[PDB]
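Heads up: the structure comes next, in structure tokens.
Basis for what follows: all heavy atoms, side chains included, without hydrogens, waters or symmetry-related copies. If you read the sequence from its start, that first residue is 1, and numbering goes on from there. We count ligands from 1, going down the list as the structure has it; atoms in each ligand are counted the same way.
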Amino acid sequence: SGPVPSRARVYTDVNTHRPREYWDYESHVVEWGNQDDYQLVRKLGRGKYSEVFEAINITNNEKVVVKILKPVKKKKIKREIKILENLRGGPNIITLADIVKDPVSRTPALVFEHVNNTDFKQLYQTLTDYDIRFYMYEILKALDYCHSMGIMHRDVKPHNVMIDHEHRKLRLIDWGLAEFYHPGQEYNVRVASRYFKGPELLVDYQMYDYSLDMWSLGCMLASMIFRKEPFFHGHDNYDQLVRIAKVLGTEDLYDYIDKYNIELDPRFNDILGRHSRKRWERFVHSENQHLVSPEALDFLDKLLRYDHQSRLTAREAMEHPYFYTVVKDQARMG
Ligand SMILES: OCCCn1nnc2c(Br)c(Br)c(Br)c(Br)c21
Ligand SMILES: [Cl-]
Ligand SMILES: [Cl-]
């Protein structure tokens, strides 16, 4: 029988209208730069799947950030670089500077523009109501650009947003899980991090799209405004959906399941069972009332939908009242 097909509502064929060499990363020939150009200064850390350094380009004396890639397949290597080259110059997307290779090891290393140590998770414990709005909007600028260029990020979370609090700057990093969106294509559910995985991924639905990132963004905001890190705290993949069910309710979950003719374990239905919906105001109480407004709760409600097709698009989200003053504020400064 199988499931019902799905299409992205926006940017549906941006790769179809483009030439083959745009999205066919398997046919790309990576002209590898010279490793000697770059000298490592200090270890900025090591991410969930890489090791990252502060570095200096000796050809122009500018600073760069080098990311020595995890022992990974050549299929993933080429996908990421091709996605970064295409997203270059986009608003709030980190820009690939060069790509080099170790002389003896032959392990690849992405080189980027220098931004800042400070990720958005470490900076989240000192943010006003207007700061949440401002930095969420900047993430939507990056999310609408990458969607508009035909790319899902697939790993949107606090750690992958770099933010310079003082200069009002923001970058979305780690595109190594991202992928090009093509209609009719089945996509692998093993992307993102538990707490930010959409219901589509947890119900083993393959034909998802850009809307996945909008789920993840909701997860951040929810945690940001209610100060519950993370807002949906699953222990395993089964439990994550069970936590989500305990907020959005099980009624719309099973409507989502039949609509797309999605199949899953009988015991999942038993595990989930029946549970009532909880209105978004019930996660407010003590030291967070200042962060939660009506426009925040509507916005959040419209992002955290089981049905991926119903979720707000990045552009739609940018038009929400939540940002009304934000878009007006940046029209007299930027
Ligand atoms: O565990 C700490 C790792 C932090 N980390 N991970 N990926 C990073 C990227 Br890409 C850039 Br660019 C920058 Br600047 C930093 Br800092 C990064
Ligand atoms: Cl995939
Ligand atoms: Cl979108």
For the side chain of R311 and the backbone of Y306, is there at least one donor-acceptor N/O pair under 3.5 Å apart? yes
Under 4.0 Å, heavy-atom basis, I'd like to know which part of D119 is in contact with ligand 1: side chain, backbone, both or neither. neither
Distance alone, cut at 3.5 Å: any donor-acceptor contact between the side chains of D144 and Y11? yes
Classify the side-chain pair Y187/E200 by whether it contains a donor and acceptor separated by less than 3.5 Å. no
What residue and atom, counting heavy atoms only, is the protein's closest point to atom 14 (Br) of ligand 1, and at what distance? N116 O, 3.3 Å
Quick one: do the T59 and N57 side chains pair a donor with an acceptor below 3.5 Å? yes
At what distance is the nearest protein heavy atom to atom 1 (O) of ligand 1, and which residue and atom is it? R46 O, 3.2 Å
Return the residue, atom name and 0.1 Å-rounded distance of the protein heavy atom closest to atom 11 (C) of ligand 1. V65 CG1, 3.9 Å
Check for me whether the distance between the ring centres of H167 and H165 falls short of 6.0 Å. no
Nearest to atom 15 (C) of ligand 1, what protein heavy atom do you find, and at what distance? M162 SD, 4.0 Å
Using only heavy-atom distances, determine whether the side chains of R267 and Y238 contain a donor-acceptor pair under 3.5 Å. no
Got the closest protein heavy atom to atom 7 (N) of ligand 1, with its distance? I173 CD1, 3.6 Å
Nearest neighbour in protein (non-hydrogen) for atom 10 (Br) of ligand 1: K67 NZ, 3.4 Å
For ligand 1, find out whether one of its N or O atoms is nearer than 3.5 Å to an N or O atom of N117. no
For atom 5 (N) of ligand 1, grab the closest protein heavy atom and report residue, atom and distance to one decimal in Å. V52 CG2, 3.8 Å
Is it the case that the side chains of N269 and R274 hold a donor-acceptor pair, with the cut-off being a distance below 3.5 Å and no angle test? yes
Looking at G45, which atoms of ligand 1 are within less than 4.0 Å of one of its heavy atoms? 2 (C)
